[PDB]
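Accompanying notes for the structure given below.
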Amino acid sequence: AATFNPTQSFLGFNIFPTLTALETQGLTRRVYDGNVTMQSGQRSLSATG
Amino acid sequence: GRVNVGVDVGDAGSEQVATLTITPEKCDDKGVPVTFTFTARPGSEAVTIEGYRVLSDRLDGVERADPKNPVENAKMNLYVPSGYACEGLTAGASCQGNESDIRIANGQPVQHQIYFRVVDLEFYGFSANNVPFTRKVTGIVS
Amino acid sequence: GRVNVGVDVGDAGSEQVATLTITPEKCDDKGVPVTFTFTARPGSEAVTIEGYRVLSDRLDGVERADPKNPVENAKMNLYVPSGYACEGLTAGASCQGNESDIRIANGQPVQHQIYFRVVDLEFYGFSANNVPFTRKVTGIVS
Amino acid sequence: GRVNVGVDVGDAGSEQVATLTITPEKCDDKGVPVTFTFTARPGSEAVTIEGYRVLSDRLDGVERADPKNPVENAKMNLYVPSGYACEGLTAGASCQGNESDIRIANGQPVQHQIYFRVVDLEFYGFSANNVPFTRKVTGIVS
Amino acid sequence: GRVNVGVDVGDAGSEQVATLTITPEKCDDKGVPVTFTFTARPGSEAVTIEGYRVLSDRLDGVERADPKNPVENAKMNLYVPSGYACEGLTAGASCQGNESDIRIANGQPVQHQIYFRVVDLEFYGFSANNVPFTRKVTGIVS
Amino acid sequence: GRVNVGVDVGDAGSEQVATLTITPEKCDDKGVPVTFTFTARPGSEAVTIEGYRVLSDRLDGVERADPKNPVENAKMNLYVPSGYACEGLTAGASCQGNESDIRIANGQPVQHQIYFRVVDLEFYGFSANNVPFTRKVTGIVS
């Protein structure tokens, strides 16, 4: 975005810089180990309240 | 870019009165500055006046000047606003030039005094783009 | 980075009047400072003036100066604002330079007085980036 | 950490006038302090001035000083603010340094008077980190 | 715990003027206190000054003191605030020290007058933890 | 329980001036109290002063006292507040001691005048727990 002004004139050179830098990492683990003991011809249970 | 500034001299009340062989005493027995106004024309840049050079000095008609070596002055920091008009203009400033409201008008008047014979001044300075400027004000009396 | 400051000296009322062989008595029988104004040009840095050196002293035309050893002064702490304009600017401060509103304008005028013959001063100091500065004000009278 | 304080001396009105062989009587027949101003430069620490040492005394040009044993003074408790600017700053205090609004500016001016020949002072003290400080104000007149 | 208090003496207007062989009469024919200011440095405790000892008295240069038996005074109850700053601080009090707002600043100034030759005082007292304190103010004139 | 009260004597303006062999007349021809301030130290109890005993009287250096039988006074009912600070404290009272806001501070100053040579007083009284109290104010002049 450059402009020109024919009515004024700046003194010298100015640069006015600005820097920005960012880095990031993440790591989520979530583990489950479930046992159940059961029988061969096991049926469901109907309680359900 | 153009520079166009005009000046109103107003050289009255500039000579000291002494030709009174009479007196303000009982009965003729016992008791025997110029304001320069600079204004910028419409469409002109801003300019700052730094000094003046006296190119011609004539007391009663004698050129006591030596134009090879004028009498320079460097005692002026006088700002002449641009010669535009807008909304955000302060008292002694100039418009940016891109207000979308800006007109070309006469600049704000700025004054200077030189207490002083007819001399021919020449003010100098630089514009808002830093280029040299000269303005002759020939003819001022006493 | 650039420094650009101008000065309006105004050396009127600087010489003491004594050439009166006449008198303010009955009938000619019995009874036989300069204001420097510094202003920073648009686009300039701020600067602080520390003192001045008299590079040329001439009473009635005699160079009584010895330019090998000028007369230094080191008794000034005078701040000349930057020469910009913004919204948060106080009375005697300078803009930061990143206001997104900032313009280039003439700085606030700051004055100094030296009660004093034509002498050629040279003010010195340092800018806002701490670099040496010199400004010649040659030509001041009495 | 740096200390940078400047002083405006202001030597006028410091010598008593007595060279009047004439008089304020009928007709020449019968009747035969310096304000130091300390201000801290932008980016400087705060400092407290404890006293001064006269390193060179010269009345009409005679070194009546004996620089082996200067004339110490230890009767000053003068605080020079840091030389920053913020929102919560009181009259005679210094910014903490972590305001997220803080700028580098000129500190508040603090004055001292010594009613006094050209002497060469040297103020001393300690900064906000308690380190010794010296500041020469050479050249003061009468 | 540390104690650090500084004093501004200001010993002007302390000697009575009598060396006038002339007079305020027709024509030379017929008619032939110091303010101590104590302030506490940042980070210091509060302290109360109880009195002073004159360790050295010299009128025109003669040690009329007998330092074996100084001249004690025990007629002072002067409180020097801590040297911090907070929100609930009253006029002549000290901060508790745990305000979560507390800074280290210069304490409130408290003054004392001794109408008095160069003497070398030494104030004494106790801090806010009730420990002895001494502060030499050597060099005061007349 | 502890009692700790301090006193500022201020014995200036206490001697009548009569050594004027000269006069306030035409030309040397024809015409040939101390304010005790008691304040309680932080953490102290309240105390009431009942009177004083003059343990040593010395006019120009002669012990005209007879310390076997001092000169007792019993005409004082002077209350010295506790030396704490709270919210409900009135002008001349003491805090209860269980305000949950209470601090240790300097008590309110209470004054007494004895228009009076160097005498050595000793005030006495009882604390808020009704125990005897003594406080020597040795050294007061005229």
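Residues in the structure tokens are named by chain (A, B, ... in the order shown) and by number from 1 within that chain; ligands are numbered from 1 in the order shown.
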Given identical sequences, can you show me chain C least-squares superposed on chain D via all its Cα atoms in order, as a short mmCIF file (atom, residue, chain, number, x, y, z; two decimals) with N, CA and C atoms, in the first residue's frame?
data_model
loop_
_atom_site.label_atom_id
_atom_site.label_comp_id
_atom_site.auth_asym_id
_atom_site.auth_seq_id
_atom_site.Cartn_x
_atom_site.Cartn_y
_atom_site.Cartn_z
N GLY C 1 22.05 -0.64 33.04
CA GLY C 1 21.67 0.56 33.76
C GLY C 1 22.55 1.76 33.47
N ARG C 2 21.93 2.87 33.09
CA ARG C 2 22.64 4.08 32.74
C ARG C 2 21.99 5.27 33.43
N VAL C 3 22.82 6.25 33.78
CA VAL C 3 22.36 7.50 34.37
C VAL C 3 22.73 8.63 33.41
N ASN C 4 21.76 9.49 33.11
CA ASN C 4 21.99 10.59 32.17
C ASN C 4 21.07 11.74 32.58
N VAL C 5 21.63 12.72 33.29
CA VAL C 5 20.89 13.87 33.78
C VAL C 5 21.56 15.13 33.26
N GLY C 6 20.75 16.08 32.80
CA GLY C 6 21.25 17.35 32.32
C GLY C 6 20.74 18.49 33.17
N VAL C 7 21.48 19.60 33.17
CA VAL C 7 21.22 20.71 34.07
C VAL C 7 21.21 22.02 33.29
N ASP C 8 20.20 22.85 33.56
CA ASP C 8 20.14 24.22 33.07
C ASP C 8 20.41 25.15 34.24
N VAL C 9 21.53 25.86 34.19
CA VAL C 9 22.04 26.53 35.39
C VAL C 9 21.44 27.92 35.54
N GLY C 10 21.53 28.74 34.49
CA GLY C 10 20.90 30.05 34.54
C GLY C 10 21.50 30.99 35.55
N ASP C 11 22.73 31.46 35.29
CA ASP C 11 23.51 32.22 36.26
C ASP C 11 23.33 33.73 36.12
N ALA C 12 22.17 34.18 35.65
CA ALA C 12 21.88 35.61 35.61
C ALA C 12 21.42 36.10 36.97
N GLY C 13 21.63 37.39 37.22
CA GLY C 13 21.26 37.98 38.50
C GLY C 13 21.96 37.35 39.68
N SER C 14 23.25 37.04 39.52
CA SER C 14 24.00 36.34 40.55
C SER C 14 25.12 37.16 41.17
N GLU C 15 25.44 38.33 40.63
CA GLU C 15 26.48 39.19 41.18
C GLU C 15 25.85 40.46 41.73
N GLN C 16 26.30 40.86 42.92
CA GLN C 16 25.82 42.08 43.56
C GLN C 16 26.48 43.29 42.91
N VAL C 17 25.68 44.31 42.62
CA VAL C 17 26.17 45.50 41.94
C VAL C 17 26.58 46.54 42.98
N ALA C 18 27.82 47.00 42.89
CA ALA C 18 28.33 48.03 43.79
C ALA C 18 29.17 49.09 43.10
N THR C 19 29.56 48.91 41.83
CA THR C 19 30.45 49.85 41.15
C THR C 19 29.64 51.07 40.69
N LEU C 20 29.27 51.89 41.67
CA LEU C 20 28.57 53.15 41.42
C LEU C 20 29.25 54.23 42.25
N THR C 21 30.28 54.86 41.68
CA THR C 21 30.87 56.03 42.32
C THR C 21 29.90 57.19 42.38
N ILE C 22 28.93 57.23 41.46
CA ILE C 22 27.82 58.16 41.54
C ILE C 22 26.82 57.63 42.57
N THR C 23 25.63 58.22 42.61
CA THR C 23 24.68 57.85 43.66
C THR C 23 23.26 57.97 43.15
N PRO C 24 22.35 57.32 43.87
CA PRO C 24 20.91 57.51 43.71
C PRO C 24 20.40 58.71 44.48
N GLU C 25 21.30 59.49 45.07
CA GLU C 25 20.96 60.70 45.80
C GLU C 25 20.68 61.82 44.81
N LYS C 26 20.66 63.07 45.30
CA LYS C 26 20.30 64.21 44.47
C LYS C 26 21.10 64.25 43.17
N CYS C 27 22.42 64.44 43.27
CA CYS C 27 23.27 64.39 42.08
C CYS C 27 24.66 63.93 42.49
N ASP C 28 24.89 62.61 42.42
CA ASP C 28 26.20 61.98 42.59
C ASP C 28 27.04 62.62 43.69
N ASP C 29 26.44 62.92 44.83
CA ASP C 29 27.11 63.68 45.87
C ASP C 29 27.22 62.97 47.20
N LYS C 30 26.16 62.28 47.64
CA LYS C 30 26.08 61.79 49.02
C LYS C 30 26.32 60.29 49.13
N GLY C 31 25.54 59.48 48.42
CA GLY C 31 25.55 58.03 48.61
C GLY C 31 26.68 57.40 47.80
N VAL C 32 27.91 57.68 48.24
CA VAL C 32 29.10 57.15 47.58
C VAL C 32 29.37 55.72 48.02
N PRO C 33 19.56 34.01 43.47
CA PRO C 33 20.64 33.02 43.35
C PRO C 33 20.55 32.23 42.05
N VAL C 34 21.61 31.49 41.72
CA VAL C 34 21.60 30.67 40.51
C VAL C 34 20.67 29.48 40.71
N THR C 35 19.82 29.23 39.71
CA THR C 35 18.78 28.21 39.81
C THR C 35 19.15 27.02 38.93
N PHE C 36 19.79 26.02 39.54
CA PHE C 36 20.09 24.78 38.84
C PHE C 36 18.80 24.01 38.58
N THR C 37 18.67 23.44 37.38
CA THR C 37 17.48 22.70 36.97
C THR C 37 17.91 21.36 36.38
N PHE C 38 17.73 20.29 37.15
CA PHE C 38 18.14 18.95 36.76
C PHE C 38 16.98 18.20 36.13
N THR C 39 17.23 17.58 34.98
CA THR C 39 16.25 16.77 34.28
C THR C 39 16.93 15.53 33.72
N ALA C 40 16.27 14.38 33.89
CA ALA C 40 16.82 13.11 33.45
C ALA C 40 16.49 12.86 31.98
N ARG C 41 17.48 12.39 31.24
CA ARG C 41 17.32 12.10 29.83
C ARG C 41 16.47 10.85 29.65
N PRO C 42 15.83 10.69 28.49
CA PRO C 42 15.03 9.48 28.26
C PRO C 42 15.86 8.22 28.36
N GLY C 43 15.29 7.20 28.99
CA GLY C 43 15.96 5.94 29.20
C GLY C 43 16.87 5.87 30.40
N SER C 44 16.93 6.93 31.20
CA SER C 44 17.84 7.01 32.33
C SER C 44 17.19 6.46 33.60
N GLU C 45 18.02 6.16 34.59
CA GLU C 45 17.53 5.78 35.90
C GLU C 45 17.18 7.02 36.71
N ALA C 46 16.59 6.80 37.88
CA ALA C 46 16.46 7.88 38.84
C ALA C 46 17.76 8.03 39.62
N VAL C 47 17.97 9.23 40.16
CA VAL C 47 19.20 9.53 40.87
C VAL C 47 18.89 10.56 41.95
N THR C 48 19.64 10.49 43.04
CA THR C 48 19.53 11.44 44.14
C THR C 48 20.88 12.12 44.34
N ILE C 49 20.88 13.45 44.34
CA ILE C 49 22.10 14.23 44.49
C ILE C 49 22.30 14.56 45.96
N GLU C 50 23.49 14.27 46.47
CA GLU C 50 23.80 14.43 47.88
C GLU C 50 24.57 15.71 48.19
N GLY C 51 25.38 16.19 47.26
CA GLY C 51 26.14 17.40 47.48
C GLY C 51 26.96 17.73 46.25
N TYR C 52 27.92 18.63 46.42
CA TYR C 52 28.79 19.03 45.32
C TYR C 52 30.18 19.35 45.85
N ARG C 53 31.16 19.27 44.95
CA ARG C 53 32.54 19.62 45.23
C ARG C 53 32.97 20.73 44.28
N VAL C 54 33.64 21.75 44.81
CA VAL C 54 34.12 22.87 44.01
C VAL C 54 35.55 22.54 43.58
N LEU C 55 35.70 22.10 42.33
CA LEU C 55 36.98 21.64 41.81
C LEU C 55 37.87 22.77 41.31
N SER C 56 37.33 23.97 41.13
CA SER C 56 38.12 25.08 40.60
C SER C 56 37.43 26.38 40.94
N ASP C 57 38.10 27.23 41.71
CA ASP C 57 37.61 28.56 42.05
C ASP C 57 38.60 29.59 41.52
N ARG C 58 38.10 30.56 40.75
CA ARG C 58 38.95 31.56 40.11
C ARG C 58 38.26 32.92 40.20
N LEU C 59 38.71 33.75 41.15
CA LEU C 59 38.25 35.13 41.26
C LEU C 59 39.18 36.00 40.43
N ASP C 60 38.64 36.59 39.36
CA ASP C 60 39.37 37.43 38.42
C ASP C 60 40.53 36.70 37.74
N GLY C 61 40.61 35.38 37.87
CA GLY C 61 41.60 34.60 37.17
C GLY C 61 42.66 33.93 38.02
N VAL C 62 42.51 33.92 39.34
CA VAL C 62 43.49 33.33 40.24
C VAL C 62 42.91 32.04 40.81
N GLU C 63 43.61 30.93 40.61
CA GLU C 63 43.15 29.61 41.03
C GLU C 63 43.31 29.50 42.54
N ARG C 64 42.31 29.98 43.27
CA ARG C 64 42.30 29.91 44.73
C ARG C 64 41.51 28.69 45.21
N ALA C 65 41.95 27.51 44.78
CA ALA C 65 41.17 26.30 44.95
C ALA C 65 41.87 25.20 45.73
N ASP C 66 43.17 25.00 45.51
CA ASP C 66 43.91 23.88 46.09
C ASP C 66 43.21 22.57 45.78
N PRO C 67 43.27 22.08 44.53
CA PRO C 67 42.49 20.89 44.16
C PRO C 67 42.86 19.63 44.93
N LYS C 68 43.89 19.67 45.78
CA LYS C 68 44.16 18.53 46.65
C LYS C 68 43.05 18.33 47.67
N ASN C 69 42.46 19.43 48.16
CA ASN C 69 41.44 19.39 49.20
C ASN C 69 40.27 20.26 48.77
N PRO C 70 39.38 19.73 47.93
CA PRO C 70 38.22 20.52 47.48
C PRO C 70 37.30 20.87 48.65
N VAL C 71 36.34 21.73 48.36
CA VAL C 71 35.35 22.17 49.34
C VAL C 71 34.11 21.32 49.11
N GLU C 72 33.90 20.34 49.98
CA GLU C 72 32.75 19.46 49.87
C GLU C 72 31.51 20.10 50.49
N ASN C 73 30.35 19.68 50.00
CA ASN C 73 29.07 19.97 50.62
C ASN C 73 28.30 18.66 50.69
N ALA C 74 27.58 18.46 51.79
CA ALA C 74 26.81 17.24 51.99
C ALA C 74 25.44 17.59 52.55
N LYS C 75 24.81 18.62 52.00
CA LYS C 75 23.56 19.12 52.54
C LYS C 75 22.46 19.12 51.49
N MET C 76 22.40 18.07 50.67
CA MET C 76 21.42 17.97 49.59
C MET C 76 20.74 16.61 49.64
N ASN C 77 19.41 16.61 49.55
CA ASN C 77 18.62 15.41 49.28
C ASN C 77 17.68 15.76 48.14
N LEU C 78 18.17 15.65 46.91
CA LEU C 78 17.43 16.08 45.73
C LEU C 78 17.18 14.88 44.83
N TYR C 79 15.91 14.59 44.57
CA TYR C 79 15.52 13.43 43.79
C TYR C 79 15.22 13.84 42.35
N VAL C 80 15.87 13.16 41.41
CA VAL C 80 15.66 13.38 39.98
C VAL C 80 14.90 12.18 39.44
N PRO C 81 13.64 12.34 39.04
CA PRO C 81 12.85 11.19 38.56
C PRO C 81 13.48 10.51 37.35
N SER C 82 12.94 9.33 37.05
CA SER C 82 13.65 8.36 36.21
C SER C 82 13.88 8.88 34.80
N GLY C 83 12.86 9.47 34.18
CA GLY C 83 12.98 9.82 32.78
C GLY C 83 12.16 8.90 31.91
N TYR C 84 11.01 8.49 32.44
CA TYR C 84 10.02 7.70 31.72
C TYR C 84 8.67 8.38 31.87
N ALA C 85 7.65 7.80 31.26
CA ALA C 85 6.30 8.33 31.37
C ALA C 85 5.32 7.17 31.41
N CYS C 86 4.27 7.32 32.21
CA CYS C 86 3.28 6.27 32.40
C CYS C 86 1.98 6.91 32.85
N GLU C 87 1.05 6.08 33.34
CA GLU C 87 -0.26 6.55 33.74
C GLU C 87 -0.35 6.86 35.23
N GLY C 88 0.27 6.04 36.07
CA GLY C 88 0.17 6.18 37.51
C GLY C 88 1.22 7.04 38.14
N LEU C 89 2.03 7.75 37.35
CA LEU C 89 3.11 8.55 37.90
C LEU C 89 2.56 9.73 38.69
N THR C 90 3.05 9.90 39.91
CA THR C 90 2.69 11.03 40.74
C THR C 90 3.59 12.22 40.40
N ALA C 91 3.58 13.24 41.25
CA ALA C 91 4.35 14.45 40.97
C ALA C 91 5.85 14.19 41.00
N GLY C 92 6.37 13.75 42.14
CA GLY C 92 7.80 13.61 42.29
C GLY C 92 8.28 12.18 42.45
N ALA C 93 7.72 11.27 41.67
CA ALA C 93 8.08 9.86 41.75
C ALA C 93 8.67 9.39 40.43
N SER C 94 9.00 8.10 40.38
CA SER C 94 9.49 7.45 39.17
C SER C 94 8.61 6.26 38.84
N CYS C 95 8.52 5.96 37.55
CA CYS C 95 7.77 4.79 37.11
C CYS C 95 8.45 3.51 37.59
N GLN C 96 7.64 2.48 37.80
CA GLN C 96 8.19 1.17 38.16
C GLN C 96 9.06 0.62 37.04
N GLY C 97 8.60 0.73 35.80
CA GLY C 97 9.32 0.21 34.65
C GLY C 97 8.63 -0.91 33.91
N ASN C 98 7.44 -1.33 34.34
CA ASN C 98 6.73 -2.44 33.72
C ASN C 98 5.25 -2.12 33.59
N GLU C 99 4.93 -0.91 33.16
CA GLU C 99 3.55 -0.45 33.10
C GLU C 99 2.82 -0.87 31.82
N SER C 100 3.54 -1.39 30.82
CA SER C 100 2.98 -1.78 29.53
C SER C 100 2.50 -0.56 28.76
N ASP C 101 2.55 0.60 29.41
CA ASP C 101 2.26 1.88 28.81
C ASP C 101 3.49 2.78 28.80
N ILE C 102 4.58 2.33 29.42
CA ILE C 102 5.69 3.21 29.74
C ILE C 102 6.44 3.61 28.47
N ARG C 103 6.79 4.89 28.39
CA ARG C 103 7.62 5.44 27.34
C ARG C 103 8.93 5.92 27.95
N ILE C 104 9.84 6.36 27.09
CA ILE C 104 11.04 7.07 27.51
C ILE C 104 10.82 8.54 27.19
N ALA C 105 10.89 9.38 28.22
CA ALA C 105 10.64 10.80 28.06
C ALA C 105 11.66 11.55 28.91
N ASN C 106 11.52 12.87 28.96
CA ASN C 106 12.34 13.68 29.84
C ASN C 106 11.71 13.72 31.23
N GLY C 107 12.54 13.57 32.25
CA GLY C 107 12.04 13.53 33.61
C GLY C 107 11.54 14.88 34.07
N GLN C 108 10.81 14.86 35.18
CA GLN C 108 10.31 16.09 35.76
C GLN C 108 11.48 16.96 36.22
N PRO C 109 11.43 18.27 35.97
CA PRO C 109 12.53 19.14 36.39
C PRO C 109 12.48 19.40 37.89
N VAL C 110 13.63 19.28 38.54
CA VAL C 110 13.79 19.59 39.96
C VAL C 110 14.91 20.61 40.09
N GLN C 111 14.70 21.60 40.96
CA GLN C 111 15.59 22.74 41.06
C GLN C 111 16.29 22.80 42.41
N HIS C 112 17.44 23.48 42.41
CA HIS C 112 18.18 23.79 43.61
C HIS C 112 18.85 25.14 43.42
N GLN C 113 19.08 25.84 44.52
CA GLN C 113 19.64 27.19 44.49
C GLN C 113 20.93 27.23 45.30
N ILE C 114 21.95 27.86 44.74
CA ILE C 114 23.22 28.09 45.42
C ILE C 114 23.55 29.56 45.20
N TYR C 115 23.40 30.37 46.24
CA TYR C 115 23.69 31.80 46.14
C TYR C 115 25.18 32.02 46.32
N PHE C 116 25.85 32.46 45.25
CA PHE C 116 27.29 32.67 45.28
C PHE C 116 27.62 34.10 45.68
N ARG C 117 34.23 35.94 39.29
CA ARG C 117 34.40 34.61 39.86
C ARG C 117 33.70 33.55 39.02
N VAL C 118 34.44 32.50 38.67
CA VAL C 118 33.89 31.35 37.96
C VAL C 118 34.29 30.09 38.71
N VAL C 119 33.30 29.31 39.13
CA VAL C 119 33.53 28.08 39.89
C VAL C 119 33.09 26.89 39.05
N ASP C 120 33.74 25.75 39.29
CA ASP C 120 33.47 24.52 38.56
C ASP C 120 32.96 23.48 39.55
N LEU C 121 31.64 23.34 39.64
CA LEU C 121 31.02 22.40 40.55
C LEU C 121 31.15 20.97 40.04
N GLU C 122 30.79 20.02 40.91
CA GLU C 122 30.68 18.62 40.52
C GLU C 122 29.71 17.97 41.50
N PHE C 123 28.46 17.79 41.08
CA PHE C 123 27.47 17.14 41.93
C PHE C 123 27.76 15.65 42.04
N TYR C 124 27.37 15.07 43.17
CA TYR C 124 27.50 13.63 43.35
C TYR C 124 26.26 13.08 44.03
N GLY C 125 26.16 11.76 44.05
CA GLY C 125 24.99 11.08 44.57
C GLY C 125 25.01 9.61 44.23
N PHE C 126 23.82 9.02 44.15
CA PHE C 126 23.68 7.61 43.85
C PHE C 126 22.40 7.40 43.04
N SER C 127 22.40 6.38 42.19
CA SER C 127 21.26 6.12 41.32
C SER C 127 20.23 5.29 42.07
N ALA C 128 19.21 4.81 41.35
CA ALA C 128 18.21 3.96 41.97
C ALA C 128 18.74 2.57 42.28
N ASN C 129 19.85 2.18 41.66
CA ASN C 129 20.54 0.94 41.98
C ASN C 129 21.68 1.15 42.96
N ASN C 130 21.76 2.34 43.57
CA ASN C 130 22.74 2.66 44.61
C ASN C 130 24.17 2.56 44.08
N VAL C 131 24.43 3.23 42.97
CA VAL C 131 25.80 3.30 42.44
C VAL C 131 26.22 4.77 42.37
N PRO C 132 27.49 5.08 42.62
CA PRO C 132 27.91 6.48 42.70
C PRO C 132 27.74 7.22 41.38
N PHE C 133 27.52 8.52 41.48
CA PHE C 133 27.20 9.37 40.34
C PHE C 133 27.94 10.69 40.46
N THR C 134 28.44 11.21 39.33
CA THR C 134 29.10 12.50 39.28
C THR C 134 28.67 13.26 38.03
N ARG C 135 28.52 14.57 38.15
CA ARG C 135 28.02 15.40 37.05
C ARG C 135 28.67 16.77 37.15
N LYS C 136 29.55 17.09 36.21
CA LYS C 136 30.29 18.34 36.24
C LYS C 136 29.49 19.47 35.61
N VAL C 137 29.45 20.62 36.28
CA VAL C 137 28.65 21.76 35.85
C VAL C 137 29.59 22.96 35.67
N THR C 138 30.79 22.69 35.17
CA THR C 138 31.83 23.70 34.97
C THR C 138 31.30 24.95 34.27
N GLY C 139 31.86 26.10 34.66
CA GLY C 139 31.71 27.34 33.93
C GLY C 139 30.80 28.38 34.55
N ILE C 140 30.13 28.09 35.67
CA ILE C 140 29.17 29.04 36.21
C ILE C 140 29.88 30.30 36.70
N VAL C 141 29.26 31.45 36.46
CA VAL C 141 29.88 32.76 36.63
C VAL C 141 29.26 33.44 37.85
N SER C 142 30.12 33.83 38.79
CA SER C 142 29.72 34.60 39.97
C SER C 142 28.57 33.96 40.74
#
### Message
Could you pull out the strand (DSSP E) residues of chain D, going by DSSP on the backbone, and write them as a ChimeraX atom specification?
### Response
/D:5-8,34-40,47-54,57-59,62-63,71-72,78-80,84-85,103-104,110-114,118-119,122-127,132-136,140-141
